[PDB]
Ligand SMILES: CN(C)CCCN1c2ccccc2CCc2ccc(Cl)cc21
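For reference, the chain that follows is the form deposited without the ligand, supplied as structure tokens.
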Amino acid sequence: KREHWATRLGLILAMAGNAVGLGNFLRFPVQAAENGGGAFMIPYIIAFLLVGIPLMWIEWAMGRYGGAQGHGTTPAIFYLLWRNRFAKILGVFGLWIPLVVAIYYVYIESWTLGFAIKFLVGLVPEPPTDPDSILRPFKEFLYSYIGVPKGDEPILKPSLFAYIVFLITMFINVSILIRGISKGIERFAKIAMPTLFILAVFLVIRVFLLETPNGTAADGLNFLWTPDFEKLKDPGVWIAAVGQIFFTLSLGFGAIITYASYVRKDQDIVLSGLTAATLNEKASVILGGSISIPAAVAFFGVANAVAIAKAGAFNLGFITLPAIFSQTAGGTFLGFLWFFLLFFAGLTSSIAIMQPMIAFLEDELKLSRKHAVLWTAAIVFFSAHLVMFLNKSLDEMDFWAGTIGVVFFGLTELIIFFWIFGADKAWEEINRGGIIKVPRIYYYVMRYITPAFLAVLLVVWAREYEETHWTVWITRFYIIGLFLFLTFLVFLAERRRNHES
């Protein structure tokens, strides 16, 4: 007795909503520009074929396998694949990663809502040609919303509107998640994914019509899709690319796995998986990449775009792009569409990374969905205060959980499933129910190329990448405590298990 996806389409759209989020529209544009445009597009594609696709199939398999036995989370699932105590411990990262990521992700997701509400109502800055005179009012606007430190103190000071909108955002996440898999996440995916797509396509079209003295949107596209084989030898290009592949595909977050545990034992994962991965890549390389960069390039030429890209993650999407839109007509409504697009793109993703925790409390602590959802909401809402109030706390969570964490966790889930659990049993399991079959070549990729590929990166990472403030220790301290709290629950679960047995 376990919730299941009602419909094939509902399932595919929920898994595409999982993947397609603030990642395709905020991160991808920046990552692609920072690393030389078309330069970044070669390693990004190979990373999709050698890491994204195999890992996407592996996670679906693991999740579906688990769900057939009533287990949607990695501490349970890892233990099934590998009957070892250390399998439960390693499996804890599959609750910790999505949880930590959720803590800052839902906060950023709320900004987009707040901005949308202000653009719609026209409570946005009125810029007075001087590039800085147009950018400044918007930089000031975001800065008041999140409360960027004016002094030396590493202290943020969210506006009350910002803060209340985070309550509303949390409330909307819960109101979906509390309704469950089919009547909440699946009903929501069916509405949001179309809406999202139509919004994107409209903004893409509206952006190609941009032409100024400094360029056109067509300039931005060229920059984006013009090879530069002289970066290929840079580790920093491939790192960025692979890293992007993880975040973007939601790989390593334990989220694909949990969603898959609601797929019926017999249902197909091979085609379904490949479709959701492909929908993601389309959504970023066609939609996400054709908005921010072309628009900045049209207004500032190329050099200045890359300069803005390098500036910050949130500069382009929260300051530059709205500043640009303010300089075209029906621009304020253009910004509304942009933030309303980001909000739906974050909302369908944030409910995905909150579900592993909910699934754990329901599956292992036998909690009711209503309680599992409220308690998880409590933990996320509470811990998020660290992200709202402590400068660079978001950066530190993003680093350990959403950067290092997911890669190490991708490699871990593959070794366990495909080496420890057994490469052939893995392969069999992946293909069972399959409408199509995984191409035979991917058996060797999955077993040798993929884990190798990752192991190499993960080494160059720990080696080539003390120079931080002391407040980083407040965040690290707290997220280590989160890991222990989760280990403790895993402990409590295996015990209730010993007694129910």
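Throughout, we count residues from 1 along the sequence that is shown.
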* Count class of deposited residues lacking coordinates, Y465 to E466 -> 4 to 9
* Look at the stretch from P128 to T129 and count the residues of the deposited sequence that the entry does not model, then pick none, 1 to 3, 4 to 9, or 10 or more. => 1 to 3
* Asked: As stated in the PDB record, which stretch has the larger average Cα B-factor, 160-168 or 422-430?
  -> 422-430
* Structure fact -> Going by the entry, of stretches 398-406 and 308-316 the one with greater average Cα B-factor is 308-316
* **Criterion, highest CA B-factor; candidates, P75, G346, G236, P294** => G236
* Asked: Taking the Cα B-factors listed in the entry, which of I108, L221, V387, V100 comes out highest?
  -> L221
* Position of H71 among the chain's modelled residues by C-alpha B-factor, lowest, middle or highest third -> middle
* Asked: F208's Cα B-factor: lowest, middle or highest third of the chain?
  -> highest
* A303 CA temperature factor, ranked by third within the chain -> highest
* Structure fact -> In terms of its chain's C-alpha B-factors, the third that includes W473 is the lowest
* To do: Grab the CA temperature factor for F229 from the record and place it in the lowest, middle or highest third of its chain.
  => highest
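The same protein also has a form deposited with the ligand bound, omitted here; what follows describes it.
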* **Proximity of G184 to the ligand in the bound PDB entry, heavy atoms at 4.5 Å** => yes
* To do: Answer for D395 alone: is it within 4.5 Å of the ligand in the bound PDB entry, judged on heavy atom distances?
  => yes
* Interface membership of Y262, the ligand in the bound PDB entry, 4.5 Å heavy atom rule -> no
* Should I191 be classed as touching the ligand in the bound PDB entry when contacts are defined as heavy atoms within 4.5 Å? -> yes
* Asked: Taking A359, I416 and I420 as the candidate spot, are all three within 4.5 angstroms of the ligand in the bound PDB entry by heavy atoms?
  -> no
* Structure fact -> Exactly one of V204, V285, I172, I134 comes within 4.5 Å of the ligand in the bound PDB entry through a heavy atom, and that residue is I172
* Which one of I291, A276, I108, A323 is close to the ligand in the bound PDB entry, taking close to mean a heavy atom within 4.5 Å? -> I108
* Interface residues of 21-54 toward the ligand, as seen in the bound PDB entry [heavy atoms, 4.5 Å] -> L22, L26, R27, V30, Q31
